[PDB]
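Here is the structure we will look at, set down as structure tokens.
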Amino acid sequence: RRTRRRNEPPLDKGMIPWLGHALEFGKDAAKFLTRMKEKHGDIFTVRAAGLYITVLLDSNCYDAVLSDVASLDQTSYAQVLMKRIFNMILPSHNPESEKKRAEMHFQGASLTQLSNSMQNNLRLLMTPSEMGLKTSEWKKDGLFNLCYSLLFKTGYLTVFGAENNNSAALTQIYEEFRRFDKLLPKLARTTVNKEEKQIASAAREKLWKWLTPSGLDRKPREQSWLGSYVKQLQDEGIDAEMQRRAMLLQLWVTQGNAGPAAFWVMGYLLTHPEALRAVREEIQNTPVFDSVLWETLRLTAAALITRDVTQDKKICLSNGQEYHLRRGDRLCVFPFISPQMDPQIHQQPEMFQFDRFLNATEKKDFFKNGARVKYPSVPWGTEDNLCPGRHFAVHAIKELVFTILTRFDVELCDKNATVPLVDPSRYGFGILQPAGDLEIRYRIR
Ligand code: HEM
Ligand SMILES: CCCCCC/C=C/[C@@H]1[C@@H](C/C=C/CCCC(=O)O)[C@@H]2C[C@H]1N=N2
Ligand SMILES: CCCCCC/C=C/[C@@H]1[C@@H](C/C=C\CCCC(=O)O)[C@@H]2C[C@H]1N=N2
Ligand SMILES: CCCCCC/C=C\[C@@H]1[C@@H](C/C=C\CCCC(=O)O)[C@@H]2C[C@H]1N=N2
């Protein structure tokens, strides 16, 4: 029987013994945590599957709290998730030497080269023939499926240097990946039913084979990002089978957000003609588009930054009140709920307004009840630990949007359509994914 100690957050066990709020937290994390915020405020502790999870939603505390890596561990949870989702183990892996390299390969001159290759690869994949325009003037597709297809294939070819895969082989990989990706949330939660466990297992196995071209004598490039990664695993005594499985882990890490983000960007522009105009005008340093991307990320970048509490920690909210986390609990931080979707910070937060971050110049002054908000949106995580793939991802999103808007005419099938609702299963996992899709048609401009 867990009991609240002095200055611990509000405690909400739910009614189901042991299990607590696990189901509901899992089904839709935004709805459930919003519910709890309303009930309890900016900090509260929830029971889920025998564990107690403290959630911090006071955005000005995020950095200072998360900077404390002595009290807050990413690694052990990442292990469990790695096992549950990717059917993977990496005994004796040092995550530190590979965190450093991920940061170096995706910035500076290293990023310039990858971005160049990304551009070249996107051009190869946006040929009339690649766009399915060999049979008619117009081609019907879902905007989401199209945006993911194009960025997945570009990211893949660029980051893995997998030109060994032909046009139809890339389509097969993407489609298999999608079956895996679709199931990744349930898989992360251990909520997979019989059929879904089999589909997941089947997709993983095809991908493990396809992503490592075993039969080919392709000398590894050990100075590349992916090559140095495999070499490290090999030097750590990690067997060939696990190397093969790490490829699917690295595929998700690098390809599972950008295409989806580009979908939302395009979705919002196609449904907001004034935003589309201001972007199209600009396409002839891009302050407008910058704002459009940042708005899109406010609405759809929903990582649930999670940590295990390794030691008791005293924590302070903006009002000065003090709370105690206890060793063995989890801590979650959710910038989606606040600041991104906080109505006291961004008025009408459910609405896409392209200029939200433009003055009458970048808008940088934001407030909650007269308090300065340093970070009005937090898609890349916290200032101490910013996503190392962000510059690459933004480049890629720009490149797709630019290209589509310039070389294609793209129309919504239903003239009055809006962007689909969000598939709530996605909250916590990065860029959100549409419930259904946005039906479009396109042609060579
Ligand atoms: C729209 C695109 C993306 C978004 C919104 C996003 C979001 C995030 C967030 C919020 C974190 C912080 C995780 C944490 O603190 O626990 C993170 C970390 C990370 N991201 Fe991304 N990401 C994106 C794209 C990418 C891409 C394209 C790559 C690879 C090229 C990538 C690689 C990584 C890696 C390796 C980390 C781990 C940092 C660490 O904890 O050591 N991400 N991402
Ligand atoms: C505890 C899980 C840590 C996972 C560390 C690997 C980072 C993965 C990033 C992901 C962002 C994280 C989303 C929520 C993961 C939970 C967390 O990092 O606390 C996706 C893929 C890549 N960029 N975007
Ligand atoms: C939502 C995220 C789910 C994907 C799982 C993320 C996996 C994260 C691993 C992290 C730590 C996991 C295991 C390290 C210990 C290896 C072991 O003993 O199995 C970092 C980055 C990657 N490898 N090291
Ligand atoms: C990685 C963040 C996205 C996950 C979406 C929410 C799902 C599961 C967990 C939440 C609790 C909900 C169910 C507990 C089952 C997870 C487990 O067995 O570890 C919070 C955040 C994560 N760990 N604690």
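Just remember, in the structure tokens the first chain shown is A, the second B, etc., residues are 1-based per chain, and ligands are 1-based in the order shown.
With the cut-off set to 6 Å and only C-alpha atoms and all ligand atoms counted, the residues surrounding ligand 4 are residues 22, 25, 26, 48, 49, 53, 189, 304, 428 and 429 of chain A.
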Checklist entry - Once you count only C-alpha atoms and all ligand atoms, which residues end up within 9 Å of ligand 2, and could you hand them over as a ChimeraX atom specification? => result /A:73-82,250,252-258,302-308,332-333,380-381,387-390,428-431
Next on the checklist: Show me, as a PyMOL selection string, the residues that have an atom within 6 Å of stretch 309-314 of chain A when counting only C-alpha atoms, minus same-chain residues fewer than 6 positions from it.
Outcome noted: chain A and resi 71-72+323-330
File of the preceding selection, N, CA and C atoms, as a short mmCIF file (atom, residue, chain, number, x, y, z; two decimals), in the first residue's frame:
data_model
loop_
_atom_site.label_atom_id
_atom_site.label_comp_id
_atom_site.auth_asym_id
_atom_site.auth_seq_id
_atom_site.Cartn_x
_atom_site.Cartn_y
_atom_site.Cartn_z
N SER A 71 20.44 11.75 -10.80
CA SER A 71 19.19 11.29 -10.20
C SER A 71 18.24 10.68 -11.23
N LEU A 72 18.52 10.93 -12.51
CA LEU A 72 17.57 10.62 -13.58
C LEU A 72 18.19 9.81 -14.70
N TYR A 323 8.52 19.80 -4.15
CA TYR A 323 8.03 18.42 -4.21
C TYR A 323 9.17 17.43 -4.19
N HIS A 324 8.89 16.25 -3.65
CA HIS A 324 9.86 15.15 -3.55
C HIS A 324 9.51 13.96 -4.44
N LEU A 325 10.43 13.62 -5.34
CA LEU A 325 10.36 12.37 -6.09
C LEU A 325 11.06 11.30 -5.28
N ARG A 326 10.62 10.06 -5.38
CA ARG A 326 11.36 9.01 -4.72
C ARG A 326 12.02 8.01 -5.67
N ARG A 327 13.25 7.62 -5.32
CA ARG A 327 13.97 6.52 -5.97
C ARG A 327 13.00 5.37 -6.27
N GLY A 328 13.09 4.82 -7.48
CA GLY A 328 12.24 3.71 -7.93
C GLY A 328 10.99 4.13 -8.72
N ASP A 329 10.61 5.41 -8.61
CA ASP A 329 9.54 5.96 -9.40
C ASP A 329 10.05 6.32 -10.80
N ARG A 330 9.11 6.58 -11.71
CA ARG A 330 9.44 7.20 -12.98
C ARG A 330 9.10 8.68 -12.95
#
Distance query stretch 8-15 of chain A at most 12 Å, only C-alpha atoms, self and fewer than 5 positions along chain excluded, as an mmCIF file with N, CA and C atoms, in the first residue's frame:
data_model
loop_
_atom_site.group_PDB
_atom_site.id
_atom_site.type_symbol
_atom_site.label_atom_id
_atom_site.label_comp_id
_atom_site.auth_asym_id
_atom_site.auth_seq_id
_atom_site.Cartn_x
_atom_site.Cartn_y
_atom_site.Cartn_z
ATOM 1 N N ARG A 1 0.820 -1.254 0.000
ATOM 2 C CA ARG A 1 0.000 0.000 0.000
ATOM 3 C C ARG A 1 0.838 1.281 0.000
ATOM 4 N N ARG A 2 0.882 1.974 -1.134
ATOM 5 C CA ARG A 2 1.621 3.231 -1.209
ATOM 6 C C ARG A 2 0.843 4.396 -0.605
ATOM 7 N N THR A 3 1.556 5.215 0.158
ATOM 8 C CA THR A 3 0.983 6.358 0.845
ATOM 9 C C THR A 3 1.825 7.595 0.525
ATOM 10 N N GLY A 20 -3.671 0.175 -11.857
ATOM 11 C CA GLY A 20 -3.940 1.625 -11.858
ATOM 12 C C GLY A 20 -4.451 2.168 -13.190
ATOM 13 N N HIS A 21 -3.754 3.168 -13.722
ATOM 14 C CA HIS A 21 -4.218 3.909 -14.886
ATOM 15 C C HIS A 21 -3.523 3.444 -16.170
ATOM 16 N N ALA A 22 -2.898 2.273 -16.127
ATOM 17 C CA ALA A 22 -2.053 1.820 -17.225
ATOM 18 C C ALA A 22 -2.787 1.823 -18.566
ATOM 19 N N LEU A 23 -3.929 1.136 -18.627
ATOM 20 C CA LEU A 23 -4.746 1.061 -19.839
ATOM 21 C C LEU A 23 -4.950 2.431 -20.434
ATOM 22 N N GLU A 24 -5.594 3.285 -19.646
ATOM 23 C CA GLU A 24 -6.026 4.611 -20.054
ATOM 24 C C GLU A 24 -4.860 5.545 -20.419
ATOM 25 N N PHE A 25 -3.811 5.545 -19.598
ATOM 26 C CA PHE A 25 -2.566 6.273 -19.892
ATOM 27 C C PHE A 25 -2.062 5.807 -21.269
ATOM 28 N N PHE A 32 -5.494 11.562 -21.156
ATOM 29 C CA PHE A 32 -5.352 11.140 -19.758
ATOM 30 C C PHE A 32 -4.545 12.114 -18.887
ATOM 31 N N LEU A 33 -3.407 12.583 -19.391
ATOM 32 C CA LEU A 33 -2.557 13.518 -18.631
ATOM 33 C C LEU A 33 -3.150 14.917 -18.545
ATOM 34 N N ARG A 35 -6.318 15.276 -18.348
ATOM 35 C CA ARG A 35 -7.375 15.008 -17.386
ATOM 36 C C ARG A 35 -6.800 15.179 -15.987
ATOM 37 N N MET A 36 -5.589 14.652 -15.791
ATOM 38 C CA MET A 36 -4.915 14.660 -14.503
ATOM 39 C C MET A 36 -4.394 16.049 -14.161
ATOM 40 N N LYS A 37 -3.886 16.766 -15.167
ATOM 41 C CA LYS A 37 -3.449 18.137 -14.960
ATOM 42 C C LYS A 37 -4.602 18.971 -14.406
ATOM 43 N N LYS A 39 -7.230 17.896 -12.858
ATOM 44 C CA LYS A 39 -7.605 17.371 -11.560
ATOM 45 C C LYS A 39 -6.612 17.790 -10.454
ATOM 46 N N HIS A 40 -5.320 17.843 -10.794
ATOM 47 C CA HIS A 40 -4.244 17.899 -9.804
ATOM 48 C C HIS A 40 -3.271 19.066 -9.959
ATOM 49 N N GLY A 41 -3.168 19.635 -11.159
ATOM 50 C CA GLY A 41 -2.167 20.688 -11.432
ATOM 51 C C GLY A 41 -0.920 20.252 -12.207
ATOM 52 N N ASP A 42 0.157 21.023 -12.070
ATOM 53 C CA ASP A 42 1.349 20.878 -12.892
ATOM 54 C C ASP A 42 2.234 19.688 -12.524
ATOM 55 N N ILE A 43 1.953 19.079 -11.382
ATOM 56 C CA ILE A 43 2.700 17.905 -10.947
ATOM 57 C C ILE A 43 1.750 16.950 -10.223
ATOM 58 N N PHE A 44 1.854 15.664 -10.538
ATOM 59 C CA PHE A 44 1.050 14.621 -9.909
ATOM 60 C C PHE A 44 1.723 13.284 -10.153
ATOM 61 N N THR A 45 1.341 12.288 -9.362
ATOM 62 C CA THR A 45 1.907 10.958 -9.424
ATOM 63 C C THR A 45 0.804 9.932 -9.664
ATOM 64 N N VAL A 46 1.020 9.106 -10.676
ATOM 65 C CA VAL A 46 0.021 8.187 -11.132
ATOM 66 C C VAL A 46 0.510 6.734 -11.009
ATOM 67 N N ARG A 47 -0.408 5.835 -10.671
ATOM 68 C CA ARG A 47 -0.102 4.409 -10.595
ATOM 69 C C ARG A 47 -0.409 3.782 -11.948
ATOM 70 N N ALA A 48 0.531 2.969 -12.426
ATOM 71 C CA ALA A 48 0.357 2.231 -13.659
ATOM 72 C C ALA A 48 1.195 0.952 -13.630
ATOM 73 N N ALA A 49 0.524 -0.195 -13.672
ATOM 74 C CA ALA A 49 1.193 -1.496 -13.714
ATOM 75 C C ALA A 49 2.269 -1.644 -12.630
ATOM 76 N N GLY A 50 1.871 -1.444 -11.382
ATOM 77 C CA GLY A 50 2.761 -1.606 -10.233
ATOM 78 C C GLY A 50 3.795 -0.513 -10.010
ATOM 79 N N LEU A 51 3.871 0.446 -10.936
ATOM 80 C CA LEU A 51 4.829 1.531 -10.852
ATOM 81 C C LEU A 51 4.140 2.868 -10.578
ATOM 82 N N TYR A 52 4.885 3.785 -9.970
ATOM 83 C CA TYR A 52 4.418 5.139 -9.692
ATOM 84 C C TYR A 52 5.196 6.133 -10.531
ATOM 85 N N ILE A 53 4.451 6.918 -11.304
ATOM 86 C CA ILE A 53 5.012 7.780 -12.323
ATOM 87 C C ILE A 53 4.608 9.205 -11.997
ATOM 88 N N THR A 54 5.607 10.043 -11.733
ATOM 89 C CA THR A 54 5.393 11.455 -11.464
ATOM 90 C C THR A 54 5.538 12.202 -12.777
ATOM 91 N N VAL A 55 4.585 13.087 -13.038
ATOM 92 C CA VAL A 55 4.546 13.829 -14.277
ATOM 93 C C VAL A 55 4.662 15.319 -13.988
ATOM 94 N N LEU A 56 5.627 15.966 -14.636
ATOM 95 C CA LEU A 56 5.894 17.382 -14.472
ATOM 96 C C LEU A 56 5.420 18.078 -15.730
ATOM 97 N N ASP A 312 16.153 9.860 -4.505
ATOM 98 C CA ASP A 312 15.260 10.909 -4.009
ATOM 99 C C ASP A 312 15.691 12.291 -4.483
ATOM 100 N N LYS A 313 14.726 13.082 -4.934
ATOM 101 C CA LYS A 313 15.039 14.388 -5.487
ATOM 102 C C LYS A 313 14.024 15.428 -5.049
ATOM 103 N N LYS A 314 14.530 16.557 -4.558
ATOM 104 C CA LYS A 314 13.715 17.712 -4.215
ATOM 105 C C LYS A 314 13.603 18.584 -5.465
ATOM 106 N N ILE A 315 12.386 19.016 -5.768
ATOM 107 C CA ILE A 315 12.094 19.751 -6.994
ATOM 108 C C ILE A 315 11.178 20.927 -6.705
ATOM 109 N N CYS A 316 11.367 22.010 -7.449
ATOM 110 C CA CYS A 316 10.690 23.264 -7.175
ATOM 111 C C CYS A 316 9.943 23.802 -8.395
ATOM 112 N N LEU A 317 8.650 24.092 -8.245
ATOM 113 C CA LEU A 317 7.851 24.651 -9.353
ATOM 114 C C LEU A 317 8.000 26.166 -9.421
ATOM 115 N N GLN A 321 6.760 26.263 -4.570
ATOM 116 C CA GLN A 321 6.412 25.059 -3.828
ATOM 117 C C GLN A 321 7.342 23.906 -4.188
ATOM 118 N N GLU A 322 7.622 23.073 -3.191
ATOM 119 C CA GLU A 322 8.645 22.031 -3.267
ATOM 120 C C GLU A 322 7.993 20.677 -3.313
ATOM 121 N N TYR A 323 8.518 19.797 -4.153
ATOM 122 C CA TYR A 323 8.028 18.419 -4.205
ATOM 123 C C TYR A 323 9.167 17.427 -4.192
ATOM 124 N N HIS A 324 8.890 16.246 -3.648
ATOM 125 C CA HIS A 324 9.859 15.152 -3.550
ATOM 126 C C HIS A 324 9.506 13.957 -4.443
ATOM 127 N N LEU A 325 10.429 13.622 -5.341
ATOM 128 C CA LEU A 325 10.356 12.371 -6.090
ATOM 129 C C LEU A 325 11.058 11.304 -5.277
ATOM 130 N N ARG A 326 10.615 10.061 -5.382
ATOM 131 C CA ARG A 326 11.357 9.007 -4.717
ATOM 132 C C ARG A 326 12.024 8.006 -5.667
ATOM 133 N N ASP A 329 10.612 5.407 -8.607
ATOM 134 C CA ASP A 329 9.540 5.963 -9.403
ATOM 135 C C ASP A 329 10.049 6.322 -10.801
ATOM 136 N N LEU A 331 9.847 9.461 -13.725
ATOM 137 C CA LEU A 331 9.498 10.838 -14.029
ATOM 138 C C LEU A 331 9.186 11.008 -15.527
#
Next on the checklist: With only C-alpha atoms as the counted atoms, please give the residues lying no more than 7 Å from stretch 175-185 of chain A, apart from itself and same-chain residues fewer than 5 positions off, as number ranges by chain.
Outcome noted: A: 85, 200, 203-204, 425-426
Could you turn the residues from that selection into a file that holds N, CA and C atoms, as a PDB file, in the first residue's frame?
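As a result, selection-v3.pdb now contains:
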ATOM      1  N   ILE A  85      10.082  -3.675 -28.045  1.00  0.00           N
ATOM      2  CA  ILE A  85       9.785  -3.240 -29.425  1.00  0.00           C
ATOM      3  C   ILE A  85      10.635  -3.912 -30.526  1.00  0.00           C
ATOM      4  N   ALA A 200       3.895  -8.224 -36.148  1.00  0.00           N
ATOM      5  CA  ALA A 200       5.077  -7.524 -35.654  1.00  0.00           C
ATOM      6  C   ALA A 200       6.307  -8.397 -35.829  1.00  0.00           C
ATOM      7  N   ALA A 203       7.111  -8.802 -39.679  1.00  0.00           N
ATOM      8  CA  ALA A 203       7.726  -7.590 -40.212  1.00  0.00           C
ATOM      9  C   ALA A 203       9.173  -7.396 -39.738  1.00  0.00           C
ATOM     10  N   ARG A 204       9.430  -7.654 -38.454  1.00  0.00           N
ATOM     11  CA  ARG A 204      10.786  -7.539 -37.900  1.00  0.00           C
ATOM     12  C   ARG A 204      11.780  -8.457 -38.630  1.00  0.00           C
ATOM     13  N   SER A 425      -3.070   6.747 -29.997  1.00  0.00           N
ATOM     14  CA  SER A 425      -2.012   5.767 -29.767  1.00  0.00           C
ATOM     15  C   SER A 425      -0.593   6.343 -29.926  1.00  0.00           C
ATOM     16  N   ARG A 426      -0.477   7.487 -30.593  1.00  0.00           N
ATOM     17  CA  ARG A 426       0.833   8.030 -30.961  1.00  0.00           C
ATOM     18  C   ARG A 426       1.438   8.982 -29.935  1.00  0.00           C
TER      19      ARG A 426
END
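Closest approach to residue A:131 among A:70, A:404, A:199, A:233: A:404, based on only C-alpha atoms.
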Can you list every residue in stretch 296-432 of chain A that DSSP puts in helix (DSSP H, G or I), as a JSON list (two decimals) with N, CA and C atoms, in the first residue's frame?
[["chain", "number", "residue", "atom", "x", "y", "z"],
["A", 296, "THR", "N", 3.76, 23.68, -36.81],
["A", 296, "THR", "CA", 3.45, 22.27, -37.08],
["A", 296, "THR", "C", 3.99, 21.38, -35.95],
["A", 297, "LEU", "N", 5.20, 21.71, -35.48],
["A", 297, "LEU", "CA", 5.86, 20.98, -34.42],
["A", 297, "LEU", "C", 5.20, 21.22, -33.06],
["A", 298, "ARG", "N", 4.68, 22.43, -32.87],
["A", 298, "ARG", "CA", 3.93, 22.70, -31.67],
["A", 298, "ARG", "C", 2.74, 21.75, -31.59],
["A", 299, "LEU", "N", 2.03, 21.59, -32.70],
["A", 299, "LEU", "CA", 0.81, 20.80, -32.77],
["A", 299, "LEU", "C", 1.00, 19.30, -32.78],
["A", 300, "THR", "N", 2.18, 18.84, -33.20],
["A", 300, "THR", "CA", 2.36, 17.41, -33.53],
["A", 300, "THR", "C", 3.61, 16.72, -32.95],
["A", 336, "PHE", "N", 4.27, 18.58, -24.99],
["A", 336, "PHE", "CA", 3.05, 18.66, -25.79],
["A", 336, "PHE", "C", 1.93, 19.36, -25.03],
["A", 337, "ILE", "N", 1.65, 18.88, -23.81],
["A", 337, "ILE", "CA", 0.56, 19.41, -23.00],
["A", 337, "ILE", "C", 0.84, 20.86, -22.58],
["A", 338, "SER", "N", 2.01, 21.09, -21.98],
["A", 338, "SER", "CA", 2.49, 22.45, -21.74],
["A", 338, "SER", "C", 3.99, 22.49, -21.92],
["A", 339, "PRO", "N", 4.51, 23.47, -22.70],
["A", 339, "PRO", "CA", 3.85, 24.67, -23.24],
["A", 339, "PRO", "C", 3.10, 24.52, -24.56],
["A", 340, "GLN", "N", 3.45, 23.52, -25.36],
["A", 340, "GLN", "CA", 2.92, 23.47, -26.73],
["A", 340, "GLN", "C", 1.42, 23.65, -26.83],
["A", 390, "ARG", "N", 17.87, 16.72, -35.39],
["A", 390, "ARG", "CA", 16.97, 17.82, -35.72],
["A", 390, "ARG", "C", 17.37, 18.64, -36.97],
["A", 391, "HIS", "N", 18.66, 18.93, -37.13],
["A", 391, "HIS", "CA", 19.08, 19.77, -38.24],
["A", 391, "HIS", "C", 18.83, 19.01, -39.55],
["A", 392, "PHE", "N", 19.14, 17.72, -39.54],
["A", 392, "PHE", "CA", 18.93, 16.85, -40.67],
["A", 392, "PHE", "C", 17.43, 16.74, -41.00],
["A", 393, "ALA", "N", 16.64, 16.48, -39.97],
["A", 393, "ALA", "CA", 15.21, 16.37, -40.12],
["A", 393, "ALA", "C", 14.59, 17.66, -40.70],
["A", 394, "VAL", "N", 14.99, 18.82, -40.19],
["A", 394, "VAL", "CA", 14.47, 20.09, -40.71],
["A", 394, "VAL", "C", 14.88, 20.30, -42.18],
["A", 395, "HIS", "N", 16.14, 20.00, -42.50],
["A", 395, "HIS", "CA", 16.63, 20.12, -43.87],
["A", 395, "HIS", "C", 15.75, 19.29, -44.79],
["A", 396, "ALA", "N", 15.50, 18.05, -44.37],
["A", 396, "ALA", "CA", 14.76, 17.09, -45.16],
["A", 396, "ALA", "C", 13.30, 17.52, -45.36],
["A", 397, "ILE", "N", 12.65, 17.92, -44.26],
["A", 397, "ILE", "CA", 11.29, 18.47, -44.34],
["A", 397, "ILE", "C", 11.22, 19.66, -45.32],
["A", 398, "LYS", "N", 12.15, 20.61, -45.21],
["A", 398, "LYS", "CA", 12.24, 21.75, -46.13],
["A", 398, "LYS", "C", 12.34, 21.27, -47.58],
["A", 399, "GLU", "N", 13.20, 20.28, -47.80],
["A", 399, "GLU", "CA", 13.53, 19.83, -49.13],
["A", 399, "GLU", "C", 12.30, 19.22, -49.78],
["A", 400, "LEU", "N", 11.59, 18.38, -49.04],
["A", 400, "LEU", "CA", 10.32, 17.81, -49.55],
["A", 400, "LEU", "C", 9.25, 18.87, -49.84],
["A", 401, "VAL", "N", 9.02, 19.76, -48.88],
["A", 401, "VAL", "CA", 8.02, 20.81, -49.03],
["A", 401, "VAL", "C", 8.39, 21.71, -50.22],
["A", 402, "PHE", "N", 9.61, 22.25, -50.22],
["A", 402, "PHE", "CA", 10.07, 23.04, -51.35],
["A", 402, "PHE", "C", 9.75, 22.30, -52.64],
["A", 403, "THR", "N", 10.27, 21.08, -52.79],
["A", 403, "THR", "CA", 10.13, 20.33, -54.03],
["A", 403, "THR", "C", 8.69, 20.16, -54.46],
["A", 404, "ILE", "N", 7.87, 19.53, -53.62],
["A", 404, "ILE", "CA", 6.45, 19.34, -53.94],
["A", 404, "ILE", "C", 5.84, 20.65, -54.44],
["A", 405, "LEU", "N", 6.02, 21.72, -53.68],
["A", 405, "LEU", "CA", 5.36, 23.00, -53.98],
["A", 405, "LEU", "C", 5.83, 23.63, -55.30],
["A", 406, "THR", "N", 7.04, 23.27, -55.72],
["A", 406, "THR", "CA", 7.66, 23.85, -56.89],
["A", 406, "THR", "C", 7.46, 23.00, -58.15],
["A", 407, "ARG", "N", 7.57, 21.69, -58.04],
["A", 407, "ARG", "CA", 7.53, 20.86, -59.23],
["A", 407, "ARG", "C", 6.20, 20.13, -59.42],
["A", 424, "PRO", "N", -4.52, 8.68, -31.37],
["A", 424, "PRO", "CA", -4.10, 8.95, -29.97],
["A", 424, "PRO", "C", -3.09, 7.93, -29.41],
["A", 425, "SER", "N", -3.07, 6.75, -30.00],
["A", 425, "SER", "CA", -2.01, 5.77, -29.77],
["A", 425, "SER", "C", -0.59, 6.34, -29.93],
["A", 426, "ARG", "N", -0.48, 7.49, -30.59],
["A", 426, "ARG", "CA", 0.83, 8.03, -30.96],
["A", 426, "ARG", "C", 1.44, 8.98, -29.93]]
For stretch 251-336 of chain A against stretch 353-375 of chain A, with a cut-off of 8 Å and counting only C-alpha atoms, what is the closest atom pair and its distance in Å to one decimal for every residue that makes the cut, ordered by chain and number, as a Markdown table?
| residue | atom | partner | partner_atom | distance |
| --- | --- | --- | --- | --- |
| A:275 | CA | A:354 | CA | 5.8 |
| A:287 | CA | A:361 | CA | 7.3 |
| A:288 | CA | A:355 | CA | 7.2 |
| A:291 | CA | A:357 | CA | 5.4 |
| A:292 | CA | A:354 | CA | 4.8 |
| A:294 | CA | A:357 | CA | 7.6 |
| A:295 | CA | A:354 | CA | 6.2 |
Write the residues of the selection above to a file with N, CA and C atoms, as a short mmCIF file (atom, residue, chain, number, x, y, z; two decimals), in the first residue's frame.
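After the write, selection_31.cif holds the following:
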data_model
loop_
_atom_site.label_atom_id
_atom_site.label_comp_id
_atom_site.auth_asym_id
_atom_site.auth_seq_id
_atom_site.Cartn_x
_atom_site.Cartn_y
_atom_site.Cartn_z
N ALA A 275 -1.68 30.71 -45.30
CA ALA A 275 -0.36 30.14 -44.99
C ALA A 275 0.34 29.64 -46.25
N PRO A 287 11.97 33.02 -43.12
CA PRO A 287 11.34 33.31 -41.82
C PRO A 287 9.91 32.80 -41.71
N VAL A 288 9.18 32.85 -42.82
CA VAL A 288 7.78 32.42 -42.85
C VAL A 288 7.71 30.92 -42.69
N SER A 291 8.39 29.64 -39.32
CA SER A 291 7.27 29.77 -38.41
C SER A 291 6.26 28.65 -38.64
N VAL A 292 6.09 28.26 -39.90
CA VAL A 292 5.12 27.23 -40.30
C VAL A 292 5.56 25.88 -39.74
N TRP A 294 7.60 25.46 -37.17
CA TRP A 294 7.55 25.55 -35.72
C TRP A 294 6.12 25.40 -35.19
N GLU A 295 5.16 25.96 -35.92
CA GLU A 295 3.77 25.77 -35.56
C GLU A 295 3.37 24.29 -35.69
#
Item to check | 9 Å contact set for residue A:232, only C-alpha atoms, chain neighbours under 6 positions out, as an MDAnalysis selection string | outcome: chainID A and resid 93:94 97:98 238
